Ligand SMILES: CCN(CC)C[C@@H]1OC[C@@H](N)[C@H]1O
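One chain is shown next in structure tokens, namely the form solved without the ligand.
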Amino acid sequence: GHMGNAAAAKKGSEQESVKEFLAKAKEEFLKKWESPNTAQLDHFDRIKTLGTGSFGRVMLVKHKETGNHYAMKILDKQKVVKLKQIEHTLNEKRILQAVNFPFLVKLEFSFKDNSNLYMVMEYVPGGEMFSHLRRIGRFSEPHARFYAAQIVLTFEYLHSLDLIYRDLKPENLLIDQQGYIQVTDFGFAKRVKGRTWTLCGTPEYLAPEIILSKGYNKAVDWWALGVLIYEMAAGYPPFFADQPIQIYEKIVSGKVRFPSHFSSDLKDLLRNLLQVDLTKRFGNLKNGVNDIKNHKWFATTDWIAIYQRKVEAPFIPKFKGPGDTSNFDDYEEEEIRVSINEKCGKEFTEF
């Protein structure tokens, strides 16, 4: 066969150890999910806006008593209600409180006041993967593989907790000071033992079964991994067009084209992740995640060493001081106004 006796026993043992880790990870998550005003605004100095979404914005802040820097996600409660994202917001906080994994951002504090909700998490200073990818053009296959392997492990972890992530893209991936990935946004993540049906995600990264309004499962995350690996290695995604509807037609078509510089191993991995047929998609078969981790394209990946953050990263972002923001774009600074009247108090009681 492909493995001799020594490699075969080593791999089996490694896979078993993953099971034991994940079982313990699940019991820790569930304990924390079942039993979670950890600070206040005056405890931080607001430095600079790091990013904005429909919710509000993310600001670099310095915790005054300790001098530590953090990223503070500020959500305007009235905007959240108008956007119909109450459940998404409470769910994101609950996930962030309960998970623990080296590539998942760590929530330090959370609190709320009359007008806003606050999530204070570790500041990830190296910038968005998106910027780095667009600047560099494309990542070499070893560089893309280093990032991919972190997503594989992160999804292996999240899926064992029955969490589907559903919004993988370079825009949602931050680079930390050691060059490793951090995932921060969980606004579309959901606990899904079986199927779910919500149309959500980002056009270029949608699995065909979402587009086709089917009940779908965690395998949509493995399709999105295919799209991510493709985009990292090519510099552009496999399916693009002027308008989303044309992107969708391409996704569901079963056709994908590859750059001529893609290795054969990469193309084979991608044909099996970007597989429209669920009965054949890697990550969705009897062998589970092992079909991906054991694939030839990942043969040089030492999965434990990636997890332990013992692999030297191919790229280490520019790092000056602890509150340096040079790896982030400039955003327009809007003041954080706090109404004298409580807004949407009932909707956010649990936050």
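So that there is no doubt, residue numbering starts at 1 and follows the sequence shown. Only residues modelled in both forms are compared. Whichever C-alpha set is largest while still superposing within 1.5 Å between the two forms counts as the rigid core.
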Worksheet item: In the deposited sequence, how many residues between residue 36 and residue 37 have no modelled coordinates (none, 1 to 3, 4 to 9, 10 or more)?
Response: 1 to 3
Discussion item. Can you tell me whether 293-301 has a higher mean C-alpha B factor than 317-325 in this record, or the other way round?
Written reply: 317-325
Response to the item:
Comparing 90-98 with 190-198, the higher average Cα temperature factor in the PDB entry belongs to 190-198
Discussion item. Between 220, 129, 74, 256, which one tops the list for Cα B-factor in this entry?
Written reply: 74
Fill in: Top residue by Cα temperature factor, when 83, 104, 241, 161 are compared in the entry
83
Practice prompt. Tell me, lowest, middle or highest third: where does the Cα B factor of residue 278 rank within its chain?
Written response: highest
Worksheet entry | Third of the chain's Cα B-factor distribution that residue 214 belongs to, per the entry | middle
Worksheet entry | Chain thirds of CA B-factor: placement of residue 169 | lowest
Worksheet item: Where does residue 250 sit by CA temperature factor within its chain: lowest, middle or highest third?
Response: lowest
Fill in: Chain third (lowest, middle, highest) by recorded CA B-factor, residue given as residue 61
middle
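Below: the form deposited with the ligand bound, not depicted.
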Fill in: Non-hydrogen atom contact residue 89 with the ligand in the bound PDB entry at 4.5 angstroms
yes
Fill in: the ligand contact at residue 167 in the bound PDB entry, heavy atom, 4.5 Å
yes
Discussion item. Residue 248 versus the ligand, in the bound PDB entry: is there a non-hydrogen atom within 4.5 Å?
Written reply: no
Practice prompt. Evaluate residue 217 for contact with the ligand in the bound PDB entry, applying a 4.5 angstroms cut-off between non-hydrogen atoms, and reply yes or no.
Written response: no
Worksheet item: Who in 185-211 is close to the ligand in the bound PDB entry, meaning a heavy atom within 4.5 Å?
Response: 185, 187, 188
Item to complete: Align on the core first; then indicate which of 257, 135, 82, 261 has a CA shift of 2 angstroms or more between the shown form and the other one.
Response: 82
Worksheet item: So the C-alpha spacing of residue 46 and residue 82 changes by 3 Å or more in the bound PDB entry; is that change toward closer or farther than shown?
Response: farther
Item to complete: Return the sequence-ordered list of stretches, each of 3 or more consecutive shared residues, in which all C-alpha shifts are 2 angstroms or more between the shown form and the other one following rigid core superposition.
Response: 14-17, 81-84
